Amino acid sequence: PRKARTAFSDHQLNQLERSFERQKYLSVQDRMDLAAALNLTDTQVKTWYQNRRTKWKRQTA
DNA sequence: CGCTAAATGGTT
DNA sequence: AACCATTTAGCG
């Protein structure tokens, strides 16, 4: 039992990256606001942010 | 294969 | 509950 891989829209990727350039971390309230704005789940936004921080560390190494 | 979403197991 | 480090795995 596995979740289908979300395919993010161009609009969703654009707004997640904008969120990340403004704030490396999100409060619970900012995370839930972002998910609602993008029509994603809280956990999909929490996962994108986590994986984005992993990417951020590798490309600043 | 590379990028990156989701899962695993640990940390805090 | 959320994050971290790493692994697993889907898709272009």
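Because the Cβ atoms are built from the backbone with ideal geometry, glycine has one as well, and the counts that use them run over all protein chains shown. What follows draws every value from the coordinates through simple rules; no lab data is involved.
Working carefully through the options A:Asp33, A:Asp10, find the one that is away from DNA strand B (no atom under 13 Å from the Cβ) and more than 10 Å from the chain's Cα centre (by Cα).
After ruling out the rest, the residue left standing is A:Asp33.
If A:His11 meets every condition in (1) assigned to a helix (DSSP H, G or I); (2) within 10 Å of DNA strand C (Cβ to nearest atom); (3) exposed (fewer than 11 other Cβ atoms within 10 Å of the Cβ) apart from one, which number is that one?
(2) is the only condition that A:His11 fails.
What pairs come up if the first residue lies in segment A:1-21 and is more than 13 Å from A:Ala35 (Cα to Cα), the second is among the charged types (D, E, K, R) and within 12 Å of DNA strand B (Cβ to nearest atom), and their beta carbons are under 7 Å apart, counting only those six or more places apart or on different chains?
Correct list of pairs: A:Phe20/A:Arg52.
If you scan segment A:40-61, which residues turn out to be surrounded by fewer than 12 Cβ atoms within 10 Å (Cβ to Cβ) and closer than 17 Å to A:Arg5 by Cβ?
Within segment A:40-61, A:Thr43, A:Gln50, A:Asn51, A:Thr54, A:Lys55 qualify.
Mind listing whichever residues of segment A:14-35 are within 11 Å of DNA strand C (Cβ to nearest atom), assigned to a helix (DSSP H, G or I) and out of contact with any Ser or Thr (no Cβ under 9 Å at 6 or more places or on another chain)?
A:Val28, A:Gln29, A:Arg31, A:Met32
Take the residues in segment A:36-61 that are touching a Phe, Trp or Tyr at 6+ places or on another chain (Cβ under 9 Å) and part of a helix (DSSP H, G or I); name whichever of them is nearest to DNA strand C (Cβ to nearest atom).
Going through the qualifying residues, I end up with A:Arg53.
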